[PDB]
Amino acid sequence: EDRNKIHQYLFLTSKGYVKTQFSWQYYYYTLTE
Amino acid sequence: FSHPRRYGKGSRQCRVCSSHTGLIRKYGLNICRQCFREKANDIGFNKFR
Amino acid sequence: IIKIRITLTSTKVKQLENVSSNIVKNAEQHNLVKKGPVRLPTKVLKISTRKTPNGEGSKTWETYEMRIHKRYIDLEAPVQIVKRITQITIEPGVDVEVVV
Amino acid sequence: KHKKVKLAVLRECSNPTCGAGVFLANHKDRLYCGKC
Amino acid sequence: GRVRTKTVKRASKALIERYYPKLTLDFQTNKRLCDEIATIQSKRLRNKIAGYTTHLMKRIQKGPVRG
Amino acid sequence: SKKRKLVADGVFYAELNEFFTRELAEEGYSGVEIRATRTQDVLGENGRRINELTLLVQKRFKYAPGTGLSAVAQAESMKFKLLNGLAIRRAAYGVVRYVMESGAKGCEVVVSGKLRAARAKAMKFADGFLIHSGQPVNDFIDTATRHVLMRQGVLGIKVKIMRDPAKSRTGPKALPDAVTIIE
RNA sequence: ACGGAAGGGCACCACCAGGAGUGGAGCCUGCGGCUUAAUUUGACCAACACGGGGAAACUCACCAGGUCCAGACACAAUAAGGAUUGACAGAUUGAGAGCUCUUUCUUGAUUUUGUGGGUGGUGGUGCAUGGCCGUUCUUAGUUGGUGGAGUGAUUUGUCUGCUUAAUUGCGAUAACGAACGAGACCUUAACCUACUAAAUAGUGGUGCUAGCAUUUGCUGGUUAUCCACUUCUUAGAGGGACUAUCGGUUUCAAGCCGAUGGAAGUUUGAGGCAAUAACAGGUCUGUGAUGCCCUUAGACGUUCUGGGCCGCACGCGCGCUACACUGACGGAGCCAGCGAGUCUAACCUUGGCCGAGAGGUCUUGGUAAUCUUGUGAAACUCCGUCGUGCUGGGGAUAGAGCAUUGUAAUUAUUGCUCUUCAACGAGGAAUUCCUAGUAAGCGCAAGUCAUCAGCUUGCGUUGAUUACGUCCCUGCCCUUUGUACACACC
Ligand SMILES: [Mg+2]
Ligand SMILES: [Mg+2]
Ligand SMILES: [Mg+2]
Ligand SMILES: [Mg+2]
Ligand SMILES: [Mg+2]
Ligand SMILES: [Zn+2]
Ligand SMILES: [Zn+2]
């Protein structure tokens, strides 16, 4: 549940489904198809 | 694990490169002394005199 | 009628004056009463800094300034003639706040 | 160097959020639960 | 010093080579017509042009000048 | 305040500029107004890309749900070319020729760094008419400095584009020293 | 390109003529040297109050010690009677630190183990870089088209002369015609009794008027008290200066110098932008910028305690106090400017009350031409004490006490009070800055900030001397010249 909470907050950093942009310290995350 | 850092050089960091040195604490920029002079056009700071 | 005071602040003089004159004219053909636009002194936000990203070379400093300026106009109008002129000024770069 | 011994095949207190599984360890005067 | 560059001399000479039955030797009445016979992008540059035309046609009565 | 507020607004425009430069690079980003070279990869799957982008910017800046000739684009494009593999001189020639033939009155592309592993000289490619120090450089010059990161070192690209002052359509229309006579 | 070759020219980073000095004493800072556990590191005109470096924690990369995974991920030897995390009570240690040991409690497919791969590093290389800056350069140089000289590379144009700040021009002339730089341009500081508009500026006049004084005169406040206006102020558009006019000087003129007017006659003053390019100049200690090397769970990463950058036989530079009678000390006059100042919250502080002082307390004004602020600043000026002495200049050093800032003031952070009052009697060879609101004297605002100026960036106030030039000193530019250099005198 400790990861289910964030994975349902969404709608892991390396497996996929994640684009990481830094842009002054704010770790811009987005999902992929 | 963390002692209080609400003031001093370590309290605030540069919003651009996380540098604790050369920070300009003026007008609410919080941008380092090189980063601001680099990205001065995007804030509107320009040279005329 | 309700009394309002609009304040216009911006960095770009051309569009700031376009707004400051558009509001005056569009009150004019609608026949309102207003005291002329008061021109508060321009604030130069001079920021001194070091040209060198380090401490080598002759001591040379770099001075920036972001000239910001501002005008205010007070008048009276009903709510329709306030909102229909408040929604005219959408020019990017000039911010206007209306106090009642 | 925490070991966490295997604890091979083998009551309750206040703060009822614990589900009756906080059996104390009988060393001495041990009326204090593991949580606290 | 007070030396006039090519951007002044060439423009003054170009004005004079086609505007002799035209602007007189008074700077005030030279600049006003330079306003509409030249698309000068600067007031002080226009004033320089008018002043050098004034000098040139002030001396032109003492003999022709080259160029 | 208002002074601090507008300074923060300029900083906010700075984060938008840099974030779109880093994120929208592959789609031809030019400048925050979004101004992109092509506006179909912006829309993506009929709004998915724009929806996720606006969601990210809103969540970052704490907002509610609803609240060709540019040197920057040319530099990004040629950075992409040099990164995917192309002769540096050929890419600079192509960019310079495109800029100069597309109505621009002058271009300069400067490549500094280790082109081939060496003492890292800096080679220029200049074509047309070029202006330097004075208010005209602010009026009509577009400049872009980008860092290419290939397998060896860093390559610094400086691109300068001059739009034609005659077609200024705003501000001065000729050079300060430009004089035109009619008779 | 270079030369320990020559000629012209330029410059208060050179001088002549000068002013302020500095080097002479003390203190503050930086560097060196020394010392240390570290006294971190980089830098030697163009380093040495520089890395906006005024370091108690952090900053910090240095040291004496102690924790943390913040080791992603397809991946294998670990699983559904248990892969792992967490722990108060005691030894441990600075630690209420489950960091380690007695120790048995909790949760349950995250983690942890062995291989692979990432990650960070203020770890190294500025002689691997990008970028940025500094220097050449507070210098004026650079290049096509056509034509001309050569077989040619190339050369003229781009110059003997004069002028300029300028390759700025005039002029001469196989050159003409131009292009970038300079100039032009832009910002600001000067003025405009003019256009426009102002309870966020001011002035006139009425009540609301207290005083002086009463023939209505002076001065004051009347923050919802009244109208008018822009002379003061503000800022948009424009104007004005263009060495204007006139003389002398000019080779032929560019130009120069005088006098007049002008608001302003040195590019009107000061600046921003500053081309062709070159440095192994500096910066990997800004970047989640980066190549390479090193390290990565006994970590050069991160985090906590403490220490360190400050440390002292000695030299040097940036600065202050002065070394007194133009001074020192008491009172009194209250005369600026550029800015800055808090709504998720603690900033700029006015006004009362307390205290000798710093400072505290109750609020108020201020998100600002609105309140601090009219920054009631200093130097300065009036009247008095001191009367030429190591004196009453000087405040170094040290002792005692009170508070603010700060989790934490000891190696005094800082502020204040009292108290022995040290060198210095104007400075050595030398050496730095500078030509008019300039130097110098003075303090103010901001930056560095929780606090701390002697620092720097801007400002204003008082405000001179001498010069209106030269290449003798230094450095640079151009031309000529020599080269056996071409990676170019490393
Ligand atoms: Mg210029
Ligand atoms: Mg470290
Ligand atoms: Mg030549
Ligand atoms: Mg130090
Ligand atoms: Mg300092
Ligand atoms: Zn930064
Ligand atoms: Zn429990």
# chains A, B, ... in the order shown; residues from 1 in each chain; ligands from 1
call {"tool": "residues_near_ligand", "arguments": {"ligand": "ligand 7", "cutoff": "6 Å", "atoms": "only C-alpha atoms (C1' of nucleotides) and all ligand atoms", "output": "list in words"}}
result
residues 18, 33 and 35 of chain D
call {"tool": "write_last_selection", "arguments": {"atoms": "N, CA, C and O atoms", "output": "compact mmCIF listing (two decimals), in the first residue's frame"}}
result
# COMPACT_ATOMS: atom_id res chain seq x y z
N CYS D 18 -3.36 -1.37 18.08
CA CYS D 18 -2.64 -2.63 17.96
C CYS D 18 -3.64 -3.79 18.01
O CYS D 18 -4.54 -3.81 18.84
N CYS D 33 5.21 -1.34 25.84
CA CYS D 33 5.08 -2.06 24.58
C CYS D 33 6.26 -1.77 23.65
O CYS D 33 7.06 -0.86 23.87
N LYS D 35 6.03 -0.69 20.56
CA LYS D 35 5.79 0.51 19.78
C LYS D 35 6.41 1.74 20.44
O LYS D 35 7.14 2.50 19.80
call {"tool": "residues_near_ligand", "arguments": {"ligand": "ligand 1", "cutoff": "7 Å", "atoms": "only C-alpha atoms (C1' of nucleotides) and all ligand atoms", "output": "list in words"}}
result
residues 133 and 134 of chain F; 183, 185, 273 and 274 of chain G
call {"tool": "residues_around", "arguments": {"residues": "residue E:43", "least_positions_apart": "4", "cutoff": "12 Å", "atoms": "only C-alpha atoms (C1' of nucleotides)", "output": "list in words"}}
result
residues 31, 32, 34, 35, 38, 39, 47, 48, 49 and 50 of chain E; 176 and 177 of chain F; 184, 185, 238, 239, 240, 241 and 242 of chain G
call {"tool": "interface_residues", "arguments": {"of": "chain A", "to": "chain B", "cutoff": "12 Å", "atoms": "only C-alpha atoms", "output": "PyMOL selection string"}}
result
chain A and resi 22-26
call {"tool": "write_last_selection", "arguments": {"atoms": "C-alpha atoms", "output": "compact mmCIF listing (two decimals), in the first residue's frame"}}
result
# COMPACT_ATOMS: atom_id res chain seq x y z
CA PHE A 22 14.97 18.65 -13.63
CA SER A 23 14.40 22.35 -14.46
CA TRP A 24 15.55 23.86 -11.15
CA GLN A 25 14.99 21.11 -8.60
CA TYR A 26 11.37 20.07 -9.29
call {"tool": "residues_around", "arguments": {"residues": "residue C:59", "least_positions_apart": "3", "cutoff": "12 Å", "atoms": "only C-alpha atoms (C1' of nucleotides)", "output": "list in words"}}
result
residues 49, 50, 51, 52, 53, 54, 55, 56 and 62 of chain C; 46, 47, 50, 51, 52, 133, 134, 456 and 457 of chain G
call {"tool": "residues_near_ligand", "arguments": {"ligand": "ligand 5", "cutoff": "8 Å", "atoms": "only C-alpha atoms (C1' of nucleotides) and all ligand atoms", "output": "ChimeraX atom specification"}}
result
/G:49,52-54,448,455-456
call {"tool": "write_last_selection", "arguments": {"atoms": "N, CA and C atoms (P, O5', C5', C4', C3', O3' and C1' of nucleotides)", "output": "PDB file, in the first residue's frame"}}
result
ATOM      1  P     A G  49      43.560  42.688  -1.470  1.00  0.00           P
ATOM      2  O5'   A G  49      42.058  42.162  -1.468  1.00  0.00           O
ATOM      3  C5'   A G  49      41.304  42.105  -0.261  1.00  0.00           C
ATOM      4  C4'   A G  49      39.917  42.668  -0.448  1.00  0.00           C
ATOM      5  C3'   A G  49      39.862  44.048  -1.100  1.00  0.00           C
ATOM      6  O3'   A G  49      38.672  44.158  -1.881  1.00  0.00           O
ATOM      7  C1'   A G  49      38.909  44.157   1.058  1.00  0.00           C
ATOM      8  P     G G  52      31.956  34.159  -4.322  1.00  0.00           P
ATOM      9  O5'   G G  52      30.821  35.247  -4.572  1.00  0.00           O
ATOM     10  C5'   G G  52      30.424  36.135  -3.539  1.00  0.00           C
ATOM     11  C4'   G G  52      31.057  37.492  -3.714  1.00  0.00           C
ATOM     12  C3'   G G  52      30.679  38.541  -2.682  1.00  0.00           C
ATOM     13  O3'   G G  52      31.445  38.426  -1.495  1.00  0.00           O
ATOM     14  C1'   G G  52      30.614  39.474  -4.876  1.00  0.00           C
ATOM     15  P     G G  53      30.720  38.186  -0.083  1.00  0.00           P
ATOM     16  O5'   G G  53      31.881  37.645   0.865  1.00  0.00           O
ATOM     17  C5'   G G  53      32.431  36.345   0.683  1.00  0.00           C
ATOM     18  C4'   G G  53      33.744  36.191   1.410  1.00  0.00           C
ATOM     19  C3'   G G  53      34.895  37.026   0.857  1.00  0.00           C
ATOM     20  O3'   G G  53      35.770  37.394   1.922  1.00  0.00           O
ATOM     21  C1'   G G  53      35.443  34.734   0.707  1.00  0.00           C
ATOM     22  P     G G  54      35.816  38.913   2.446  1.00  0.00           P
ATOM     23  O5'   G G  54      34.451  39.089   3.248  1.00  0.00           O
ATOM     24  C5'   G G  54      34.166  38.299   4.395  1.00  0.00           C
ATOM     25  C4'   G G  54      34.116  39.143   5.644  1.00  0.00           C
ATOM     26  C3'   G G  54      33.416  38.525   6.846  1.00  0.00           C
ATOM     27  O3'   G G  54      34.234  37.616   7.563  1.00  0.00           O
ATOM     28  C1'   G G  54      32.634  40.726   6.537  1.00  0.00           C
ATOM     29  P     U G 448      22.652  40.315   0.240  1.00  0.00           P
ATOM     30  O5'   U G 448      23.890  39.497   0.808  1.00  0.00           O
ATOM     31  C5'   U G 448      24.892  39.010  -0.071  1.00  0.00           C
ATOM     32  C4'   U G 448      26.234  38.969   0.604  1.00  0.00           C
ATOM     33  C3'   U G 448      26.231  38.526   2.056  1.00  0.00           C
ATOM     34  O3'   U G 448      26.135  37.121   2.206  1.00  0.00           O
ATOM     35  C1'   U G 448      27.628  40.423   1.792  1.00  0.00           C
ATOM     36  P     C G 455      37.248  51.119   3.803  1.00  0.00           P
ATOM     37  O5'   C G 455      36.913  49.793   2.990  1.00  0.00           O
ATOM     38  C5'   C G 455      37.815  48.697   2.978  1.00  0.00           C
ATOM     39  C4'   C G 455      37.237  47.528   2.225  1.00  0.00           C
ATOM     40  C3'   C G 455      36.392  47.887   1.017  1.00  0.00           C
ATOM     41  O3'   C G 455      37.177  48.176  -0.124  1.00  0.00           O
ATOM     42  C1'   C G 455      35.283  46.238   2.309  1.00  0.00           C
ATOM     43  P     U G 456      37.005  49.576  -0.891  1.00  0.00           P
ATOM     44  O5'   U G 456      36.103  49.206  -2.147  1.00  0.00           O
ATOM     45  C5'   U G 456      36.305  47.988  -2.847  1.00  0.00           C
ATOM     46  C4'   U G 456      34.998  47.389  -3.300  1.00  0.00           C
ATOM     47  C3'   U G 456      34.042  48.339  -4.001  1.00  0.00           C
ATOM     48  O3'   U G 456      34.363  48.527  -5.366  1.00  0.00           O
ATOM     49  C1'   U G 456      32.864  47.072  -2.387  1.00  0.00           C
TER      50        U G 456
END
call {"tool": "atom_distance", "arguments": {"atom1": "atom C1' of residue G:124", "atom2": "atom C1' of residue G:64"}}
result
25.4 Å
call {"tool": "residues_near_ligand", "arguments": {"ligand": "ligand 3", "cutoff": "12 Å", "atoms": "only C-alpha atoms (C1' of nucleotides) and all ligand atoms", "output": "PyMOL selection string"}}
result
chain G and resi 142-143+154-159+167
call {"tool": "write_last_selection", "arguments": {"atoms": "N, CA and C atoms (P, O5', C5', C4', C3', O3' and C1' of nucleotides)", "output": "PDB file, in the first residue's frame"}}
result
ATOM      1  P     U G 142      45.131  46.062 -39.300  1.00  0.00           P
ATOM      2  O5'   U G 142      43.744  45.369 -39.667  1.00  0.00           O
ATOM      3  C5'   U G 142      43.390  44.116 -39.103  1.00  0.00           C
ATOM      4  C4'   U G 142      42.037  43.643 -39.576  1.00  0.00           C
ATOM      5  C3'   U G 142      41.852  43.499 -41.078  1.00  0.00           C
ATOM      6  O3'   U G 142      42.434  42.322 -41.609  1.00  0.00           O
ATOM      7  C1'   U G 142      39.970  44.582 -40.153  1.00  0.00           C
ATOM      8  P     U G 143      42.941  42.294 -43.135  1.00  0.00           P
ATOM      9  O5'   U G 143      41.598  42.245 -43.991  1.00  0.00           O
ATOM     10  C5'   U G 143      40.735  41.120 -43.923  1.00  0.00           C
ATOM     11  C4'   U G 143      39.445  41.352 -44.670  1.00  0.00           C
ATOM     12  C3'   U G 143      39.560  41.560 -46.170  1.00  0.00           C
ATOM     13  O3'   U G 143      39.716  40.340 -46.880  1.00  0.00           O
ATOM     14  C1'   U G 143      38.046  43.139 -45.243  1.00  0.00           C
ATOM     15  P     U G 154      48.121  34.632 -50.943  1.00  0.00           P
ATOM     16  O5'   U G 154      49.029  35.623 -50.092  1.00  0.00           O
ATOM     17  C5'   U G 154      48.778  37.018 -50.094  1.00  0.00           C
ATOM     18  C4'   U G 154      49.969  37.789 -50.596  1.00  0.00           C
ATOM     19  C3'   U G 154      49.802  39.297 -50.644  1.00  0.00           C
ATOM     20  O3'   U G 154      49.991  39.912 -49.382  1.00  0.00           O
ATOM     21  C1'   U G 154      50.724  38.549 -52.685  1.00  0.00           C
ATOM     22  P     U G 155      49.017  41.096 -48.902  1.00  0.00           P
ATOM     23  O5'   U G 155      49.497  42.353 -49.755  1.00  0.00           O
ATOM     24  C5'   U G 155      50.852  42.774 -49.727  1.00  0.00           C
ATOM     25  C4'   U G 155      51.153  43.743 -50.841  1.00  0.00           C
ATOM     26  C3'   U G 155      50.251  44.965 -50.919  1.00  0.00           C
ATOM     27  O3'   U G 155      50.642  45.987 -50.018  1.00  0.00           O
ATOM     28  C1'   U G 155      50.496  44.014 -53.076  1.00  0.00           C
ATOM     29  P     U G 156      49.548  46.968 -49.368  1.00  0.00           P
ATOM     30  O5'   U G 156      49.113  47.916 -50.573  1.00  0.00           O
ATOM     31  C5'   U G 156      50.024  48.846 -51.142  1.00  0.00           C
ATOM     32  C4'   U G 156      49.377  49.644 -52.246  1.00  0.00           C
ATOM     33  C3'   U G 156      48.105  50.386 -51.863  1.00  0.00           C
ATOM     34  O3'   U G 156      48.380  51.653 -51.291  1.00  0.00           O
ATOM     35  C1'   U G 156      47.814  49.251 -53.944  1.00  0.00           C
ATOM     36  P     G G 157      47.776  52.050 -49.859  1.00  0.00           P
ATOM     37  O5'   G G 157      46.227  52.291 -50.144  1.00  0.00           O
ATOM     38  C5'   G G 157      45.792  53.210 -51.138  1.00  0.00           C
ATOM     39  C4'   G G 157      44.417  52.852 -51.642  1.00  0.00           C
ATOM     40  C3'   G G 157      43.387  52.556 -50.559  1.00  0.00           C
ATOM     41  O3'   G G 157      42.715  53.736 -50.153  1.00  0.00           O
ATOM     42  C1'   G G 157      43.399  50.802 -52.166  1.00  0.00           C
ATOM     43  P     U G 158      42.268  53.956 -48.628  1.00  0.00           P
ATOM     44  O5'   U G 158      43.456  53.329 -47.773  1.00  0.00           O
ATOM     45  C5'   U G 158      43.687  53.763 -46.436  1.00  0.00           C
ATOM     46  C4'   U G 158      44.454  52.743 -45.632  1.00  0.00           C
ATOM     47  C3'   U G 158      45.846  52.393 -46.160  1.00  0.00           C
ATOM     48  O3'   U G 158      46.740  52.193 -45.064  1.00  0.00           O
ATOM     49  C1'   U G 158      44.536  50.431 -46.005  1.00  0.00           C
ATOM     50  P     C G 159      47.615  53.415 -44.493  1.00  0.00           P
ATOM     51  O5'   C G 159      48.346  54.008 -45.779  1.00  0.00           O
ATOM     52  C5'   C G 159      49.657  53.586 -46.146  1.00  0.00           C
ATOM     53  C4'   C G 159      50.422  54.688 -46.842  1.00  0.00           C
ATOM     54  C3'   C G 159      50.880  55.829 -45.940  1.00  0.00           C
ATOM     55  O3'   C G 159      52.120  56.350 -46.413  1.00  0.00           O
ATOM     56  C1'   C G 159      49.361  56.658 -47.572  1.00  0.00           C
ATOM     57  P     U G 167      43.688  57.187 -36.060  1.00  0.00           P
ATOM     58  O5'   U G 167      43.386  57.287 -37.621  1.00  0.00           O
ATOM     59  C5'   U G 167      43.530  56.156 -38.475  1.00  0.00           C
ATOM     60  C4'   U G 167      42.335  55.994 -39.382  1.00  0.00           C
ATOM     61  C3'   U G 167      41.125  55.309 -38.747  1.00  0.00           C
ATOM     62  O3'   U G 167      39.924  55.900 -39.238  1.00  0.00           O
ATOM     63  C1'   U G 167      41.801  54.106 -40.662  1.00  0.00           C
TER      64        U G 167
END
call {"tool": "residues_near_ligand", "arguments": {"ligand": "ligand 4", "cutoff": "12 Å", "atoms": "only C-alpha atoms (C1' of nucleotides) and all ligand atoms", "output": "list in words"}}
result
residues 28, 29, 30, 31, 39, 40, 41, 48, 49, 50, 53, 54, 55, 308, 309, 310 and 311 of chain G
call {"tool": "write_last_selection", "arguments": {"atoms": "C-alpha atoms (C1' of nucleotides)", "output": "PDB file, in the first residue's frame"}}
result
ATOM      1  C1'   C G  28      41.419  45.670  10.022  1.00  0.00           C
ATOM      2  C1'   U G  29      41.814  42.384   5.930  1.00  0.00           C
ATOM      3  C1'   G G  30      44.473  39.469   2.132  1.00  0.00           C
ATOM      4  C1'   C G  31      48.971  37.140   0.579  1.00  0.00           C
ATOM      5  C1'   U G  39      45.853  26.442   9.834  1.00  0.00           C
ATOM      6  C1'   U G  40      41.276  24.030   2.985  1.00  0.00           C
ATOM      7  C1'   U G  41      41.740  25.498  -1.818  1.00  0.00           C
ATOM      8  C1'   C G  48      47.620  40.156  -2.640  1.00  0.00           C
ATOM      9  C1'   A G  49      38.909  44.157   1.058  1.00  0.00           C
ATOM     10  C1'   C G  50      39.750  38.807  -5.285  1.00  0.00           C
ATOM     11  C1'   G G  53      35.443  34.734   0.707  1.00  0.00           C
ATOM     12  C1'   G G  54      32.634  40.726   6.537  1.00  0.00           C
ATOM     13  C1'   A G  55      33.947  31.699   7.537  1.00  0.00           C
ATOM     14  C1'   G G 308      40.084  24.545  11.508  1.00  0.00           C
ATOM     15  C1'   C G 309      40.382  28.763   7.936  1.00  0.00           C
ATOM     16  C1'   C G 310      41.903  33.703  13.033  1.00  0.00           C
ATOM     17  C1'   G G 311      46.378  30.513  14.637  1.00  0.00           C
TER      18        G G 311
END
call {"tool": "residues_around", "arguments": {"residues": "stretch 10-12 of chain A", "least_positions_apart": "3", "cutoff": "10 Å", "atoms": "only C-alpha atoms (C1' of nucleotides)", "output": "list in words"}}
result
residues 3, 4, 5, 6, 7, 15, 16, 17, 18, 29, 30 and 31 of chain A; 72 and 73 of chain G
call {"tool": "write_last_selection", "arguments": {"atoms": "N, CA and C atoms (P, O5', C5', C4', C3', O3' and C1' of nucleotides)", "output": "PDB file, in the first residue's frame"}}
result
ATOM      1  N   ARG A   3       3.371   1.952  -1.765  1.00  0.00           N
ATOM      2  CA  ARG A   3       3.571   2.395  -3.136  1.00  0.00           C
ATOM      3  C   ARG A   3       2.273   2.505  -3.916  1.00  0.00           C
ATOM      4  N   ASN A   4       1.247   1.745  -3.524  1.00  0.00           N
ATOM      5  CA  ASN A   4      -0.066   1.884  -4.141  1.00  0.00           C
ATOM      6  C   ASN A   4      -0.615   3.292  -3.960  1.00  0.00           C
ATOM      7  N   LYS A   5      -0.353   3.910  -2.804  1.00  0.00           N
ATOM      8  CA  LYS A   5      -0.827   5.271  -2.567  1.00  0.00           C
ATOM      9  C   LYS A   5      -0.314   6.230  -3.637  1.00  0.00           C
ATOM     10  N   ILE A   6       0.988   6.190  -3.923  1.00  0.00           N
ATOM     11  CA  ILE A   6       1.530   7.113  -4.914  1.00  0.00           C
ATOM     12  C   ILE A   6       1.173   6.670  -6.333  1.00  0.00           C
ATOM     13  N   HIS A   7       1.070   5.362  -6.584  1.00  0.00           N
ATOM     14  CA  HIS A   7       0.715   4.922  -7.928  1.00  0.00           C
ATOM     15  C   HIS A   7      -0.759   5.136  -8.252  1.00  0.00           C
ATOM     16  N   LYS A  15      12.464   1.732 -14.479  1.00  0.00           N
ATOM     17  CA  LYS A  15      11.786   0.679 -15.230  1.00  0.00           C
ATOM     18  C   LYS A  15      11.150   1.223 -16.504  1.00  0.00           C
ATOM     19  N   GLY A  16      10.549   2.408 -16.427  1.00  0.00           N
ATOM     20  CA  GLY A  16       9.804   2.952 -17.544  1.00  0.00           C
ATOM     21  C   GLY A  16       8.581   3.721 -17.094  1.00  0.00           C
ATOM     22  N   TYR A  17       7.778   4.190 -18.051  1.00  0.00           N
ATOM     23  CA  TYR A  17       6.580   4.986 -17.788  1.00  0.00           C
ATOM     24  C   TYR A  17       6.895   6.287 -17.056  1.00  0.00           C
ATOM     25  N   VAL A  18       8.129   6.782 -17.162  1.00  0.00           N
ATOM     26  CA  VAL A  18       8.565   7.964 -16.426  1.00  0.00           C
ATOM     27  C   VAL A  18       9.525   8.764 -17.298  1.00  0.00           C
ATOM     28  N   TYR A  29       7.851  14.827 -13.600  1.00  0.00           N
ATOM     29  CA  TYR A  29       7.548  13.451 -13.968  1.00  0.00           C
ATOM     30  C   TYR A  29       6.303  13.400 -14.845  1.00  0.00           C
ATOM     31  N   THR A  30       6.347  12.561 -15.878  1.00  0.00           N
ATOM     32  CA  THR A  30       5.180  12.283 -16.701  1.00  0.00           C
ATOM     33  C   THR A  30       5.204  10.817 -17.111  1.00  0.00           C
ATOM     34  N   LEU A  31       4.028  10.291 -17.438  1.00  0.00           N
ATOM     35  CA  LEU A  31       3.908   8.898 -17.835  1.00  0.00           C
ATOM     36  C   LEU A  31       4.047   8.757 -19.349  1.00  0.00           C
TER      37      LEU A  31
ATOM     38  P     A G  72      19.080   0.008  -5.894  1.00  0.00           P
ATOM     39  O5'   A G  72      17.879   0.446  -6.844  1.00  0.00           O
ATOM     40  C5'   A G  72      17.083   1.581  -6.544  1.00  0.00           C
ATOM     41  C4'   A G  72      16.599   2.254  -7.803  1.00  0.00           C
ATOM     42  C3'   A G  72      16.155   1.318  -8.917  1.00  0.00           C
ATOM     43  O3'   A G  72      14.822   0.865  -8.754  1.00  0.00           O
ATOM     44  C1'   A G  72      17.618   2.949  -9.799  1.00  0.00           C
ATOM     45  P     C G  73      14.518  -0.691  -8.496  1.00  0.00           P
ATOM     46  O5'   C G  73      14.543  -1.337  -9.951  1.00  0.00           O
ATOM     47  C5'   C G  73      13.911  -0.695 -11.049  1.00  0.00           C
ATOM     48  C4'   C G  73      14.688  -0.905 -12.323  1.00  0.00           C
ATOM     49  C3'   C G  73      14.913  -2.355 -12.728  1.00  0.00           C
ATOM     50  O3'   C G  73      13.805  -2.908 -13.417  1.00  0.00           O
ATOM     51  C1'   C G  73      16.958  -1.176 -12.852  1.00  0.00           C
TER      52        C G  73
END
call {"tool": "residues_near_ligand", "arguments": {"ligand": "ligand 2", "cutoff": "10 Å", "atoms": "only C-alpha atoms (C1' of nucleotides) and all ligand atoms", "output": "list in words"}}
result
residues 60, 61, 121, 122, 123, 300, 301 and 302 of chain G
call {"tool": "residues_near_ligand", "arguments": {"ligand": "ligand 6", "cutoff": "12 Å", "atoms": "only C-alpha atoms (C1' of nucleotides) and all ligand atoms", "output": "PyMOL selection string"}}
result
(chain A and resi 23-25) or (chain B and resi 12-24+29-39) or (chain C and resi 53) or (chain G and resi 286-288)
call {"tool": "closest_atom_pairs", "arguments": {"of": "chain E", "to": "chain G", "cutoff": "8 Å", "atoms": "only C-alpha atoms (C1' of nucleotides)", "output": "CSV"}}
result
residue,atom,partner,partner_atom,distance
E:1,CA,G:164,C1',5.5
E:2,CA,G:243,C1',6.5
E:3,CA,G:168,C1',6.0
E:4,CA,G:168,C1',7.0
E:5,CA,G:168,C1',6.0
E:6,CA,G:169,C1',7.9
E:7,CA,G:184,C1',7.4
E:27,CA,G:242,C1',7.4
E:44,CA,G:242,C1',7.5
E:45,CA,G:184,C1',7.8
E:47,CA,G:242,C1',4.8
E:48,CA,G:242,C1',5.2
E:50,CA,G:242,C1',7.0
E:51,CA,G:242,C1',5.0
call {"tool": "interface_residues", "arguments": {"of": "chain F", "to": "chain B", "cutoff": "12 Å", "atoms": "only C-alpha atoms", "output": "PyMOL selection string"}}
result
chain F and resi 1-19+31-33+134-135+138+145
call {"tool": "interface_residues", "arguments": {"of": "chain G", "to": "chain D", "cutoff": "12 Å", "atoms": "only C-alpha atoms (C1' of nucleotides)", "output": "PyMOL selection string"}}
result
chain G and resi 81-90+98-107+112
call {"tool": "select_by_dssp", "arguments": {"residues": "chain E", "states": "alpha helix (DSSP H)", "output": "PyMOL selection string"}}
result
chain E and resi 6-18+27-37+43-59
